[PDB]
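# Geometric and topological summary
Residue strings, one per chain:
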Amino acid sequence: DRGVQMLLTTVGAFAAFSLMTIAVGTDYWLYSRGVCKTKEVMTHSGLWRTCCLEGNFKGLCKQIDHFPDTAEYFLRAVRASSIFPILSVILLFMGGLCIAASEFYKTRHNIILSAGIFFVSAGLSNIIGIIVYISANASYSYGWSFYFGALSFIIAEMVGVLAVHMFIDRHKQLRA
Amino acid sequence: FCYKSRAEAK
Amino acid sequence: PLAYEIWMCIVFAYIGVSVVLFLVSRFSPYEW
């Protein structure tokens, strides 16, 4: 049904936005062995702050020392900021606005396609972000925030497919 | 898509 | 032979390539 399709798309978008935002804000990305705070214990090591765990002093967090080779300088810079994860979050937000404007100010038929493009682009941004992060960290297991990010990518691609299919149906009804 | 849309106006 | 992250990203890329090929090949109404 059109109603079910619209509701499923809206729910998916909200979920994807929430998952990515939680992941880009939480600290359980890697689960590595490092120095809690200096000037080598197990750690949390999220995207911005590396909290410490199981050490003589726990809960302490320090901003990861980005920038402790121009080719490596640029990767270091892109990882320093999270332009890619952050851009994924922004794109997902803009997609949500589009889907919301779908119900009001409707009959435009092009704002649904806009939502689809935004969701797909957010996915591509999320994947580039993951590759950059993994490359910058060159035992080391990944935490639940990293997997939240991945789930965001999959949900976003599915919501995008729903949006595109919905736009196609609209233009099929219009041509009849 | 944008090019075809503008042309379809005519 | 390939690290775990390489397999994970191969899967993510497969999903992405498929979605984008579906989009570009099927969204424009002028292709019907």
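### Here we look at the overall build of chain C
Secondary structure assignment for chain C yields 1 helix and 0 strands. Once the C-alpha set of chain C is aligned to its principal axes, its extents read approximately 45 × 10 × 5 Å. Taking all 32 residues of chain C together, the buried fraction comes to 28%. Total accessible area on chain C is roughly 2,200 Å²; 76% of this is exposed by carbon and sulfur atoms.

### Some remarks on the interface of chain C and chain A
In this complex, chain C contributes 16 residues to the contact, which on the side of chain A involves 20 residues. Of all residues in chain C, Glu5, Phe12 and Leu23 of chain C give up the largest surface area on contact with chain A, accounting jointly for 32% of the area buried on that side. In this assembly, chain C and chain A are joined by 0 salt bridges. At the boundary of chain C with chain A, the tally comes to 3 residue pairs in polar contact. Grouping the constituent residues of the side of chain C that touches chain A by class yields 13 nonpolar, 1 polar and 2 charged.

### Quick notes on the side chain of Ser145 of chain A
Residues and elements named next belong to chain A. Here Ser145 lies in helix α5 (residues 144-174). Given a relative accessible area of 0%, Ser145 falls into the buried group. In this structure the side chain of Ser145 is engaged in a polar contact, spanning 3.0 Å, whose partner is the backbone nitrogen of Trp29. Once residues within four sequence positions are removed from consideration, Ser145 is found in contact with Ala23, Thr26, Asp27, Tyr28 and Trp29.

### Here's the deal with the packing of helix α1 (residues 2-23) of chain A against α5 of chain A
For any two helices packed against each other, one specifies the inter-axial angle together with the distance between the axes. Residue and element names in this part refer to chain A. Between α1 and α5, the shortest axis-to-axis distance is 8 Å and the interhelical angle comes to 155°. Classified by the angle their axes make, α1 and α5 are roughly antiparallel. Between α1 and α5 lies a crossing of left-handed hand.

### Things to note about the state of the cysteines
Residues and elements named next belong to chain A. Going through the model one piece at a time under the given rule, you end up with 2 disulfides over all chains. Here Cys36 connects covalently by a disulfide to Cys52, the sulfurs 2.1 Å from one another. A single burial state applies to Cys36 and to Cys52, both of which are buried. Note that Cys51 is cross-linked by a disulfide to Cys61, the S-S spacing being 2.0 Å.

### Section: the environment of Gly46 of chain A
All names here are of chain A. With respect to the secondary-structure elements, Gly46 resides in the loop between β3 (41-42) and β4 (49-51). On the basis of relative accessible area, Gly46 is assigned to the buried category, the value being 1%. Residues in contact with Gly46, not counting those within four places in the same chain, are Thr26, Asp27, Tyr28, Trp29, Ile64 and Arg79.

### Section: the pattern of salt bridges
Following the criterion strictly, the structure yields 2 salt bridges over all chains and no others. As a salt-bridge pair, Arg49 of chain A and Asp27 of chain A come within 2.8 Å of each other at their nearest N and O atoms.

### Topic: the UniProt feature "transmembrane region" in chain A
All names here are of chain A. When the UniProt feature table is mapped onto this chain numbering, "transmembrane region" sits at residues 6-26, 81-101, 111-131 and 148-168. Regarding residues 6-26, the helix share stands at 86% and the strand share at 0%, and the terminal C-alpha atoms are separated by 30 Å. Between the first and last C-alpha atoms of residues 111-131 the distance is 31 Å; the span itself is 100% helix and 0% strand.

### Describing helix α2 (residues 70-80) of chain A
Because each turn of an α-helix spans 3.6 residues, side chains separated by three or four positions end up pointing in the same direction. Listing the buried residues of α2 of chain A in full gives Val78, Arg79 and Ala80 of chain A. Buried residues belonging to α2 of chain A abut α3 (83-103) and α4 (111-136) of chain A.

### Topic: the packing of aromatic side chains
Per the counting criterion, the structure on display carries 13 aromatic pairs over all chains. Taking the centre distance of 5.6 Å and the plane angle of 65° together, the rings of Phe1 of chain B and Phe27 of chain C count as edge-to-face. With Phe1 of chain B in the segment before α1 (2-8) and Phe27 of chain C in the segment after α1 (4-26), this residue pair bridges two chains. Residue classification places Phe1 of chain B among the partly exposed positions, given a relative accessible area of 31%. Within the aromatic cluster, the residues linked to one another by ring pairs are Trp29, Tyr133, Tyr140, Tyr142, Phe146 and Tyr147 of chain A together with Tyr4 of chain C.

Reading the values: rules and limits
Here every chain is numbered from 1 following its written sequence, which may not line up with the entry's numbers; residues without coordinates are dropped from view. Ligands are numbered from 1 and chains lettered from A, in the order in which they are written. Any value quoted here refers to the chains shown, not to the larger assembly they are part of. Hydrogens and water molecules were not included; the side-chain quantities draw on all heavy atoms of the structure. Residues with missing side-chain atoms are left out of burial classes, side-chain pairs and their counts. For helices the rule is a DSSP run of H or I covering at least 4 residues; for strands it is a run of E covering at least 2, with both sets numbered from the N terminus onward. Whether a residue is buried, partly exposed or exposed follows from its accessible area with a 1.4 Å probe, protein chains only, as a fraction of its type maximum: under 20%, in between, or over 50%, in that order. What sets the accessible areas is the Shrake-Rupley method with a 1.4 Å probe; for residues, cover comes only from the shown protein chains. In what follows, residue pairs with any heavy atoms lying within 4.5 Å of each other are defined as contacts. Throughout, the accessible surface (probe 1.4 Å) given up by two parts as they are put together, summed over both, is called the buried area. Definition used for salt bridges: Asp or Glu carboxyl oxygen within 4 Å of a side-chain nitrogen of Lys or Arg. N or O atoms within 3.5 Å of each other form a polar contact, as long as, within protein, one can give a hydrogen and the other can take it, and as long as residues adjacent in sequence are counted only when both atoms are side-chain atoms. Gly counts as polar in this scheme, as do all residues outside two lists: the nonpolar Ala, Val, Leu, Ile, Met, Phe, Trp, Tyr, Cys and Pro, and the charged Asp, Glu, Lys and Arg. Axis definition: a line fit to C-alpha positions, over the contact stretch in the case of helices; interaxial angles, taken between N-to-C directions, run 0 to 180 degrees. Angle categories are assigned with fixed cut-offs, so that under 35 degrees is roughly parallel, over 145 is roughly antiparallel, 65 to 115 is roughly perpendicular, and the rest are oblique. Crossing handedness is read from the near helix: turned anticlockwise from the far helix by less than a right angle, it gives a left-handed crossing, and turned clockwise, a right-handed one. We call a pair of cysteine sulfur atoms a disulfide whenever their separation is within 2.5 Å. UniProt positions are given in the numbering used here, feature names are shortened, and annotations may be inferred rather than shown by experiment. Pairing of aromatic rings covers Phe, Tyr and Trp, the last counted by its six-membered ring, and requires centre-to-centre distances within 6.5 Å; plane angles under 30 degrees mean stacked, over 60 mean edge-to-face, and any other angle means tilted.

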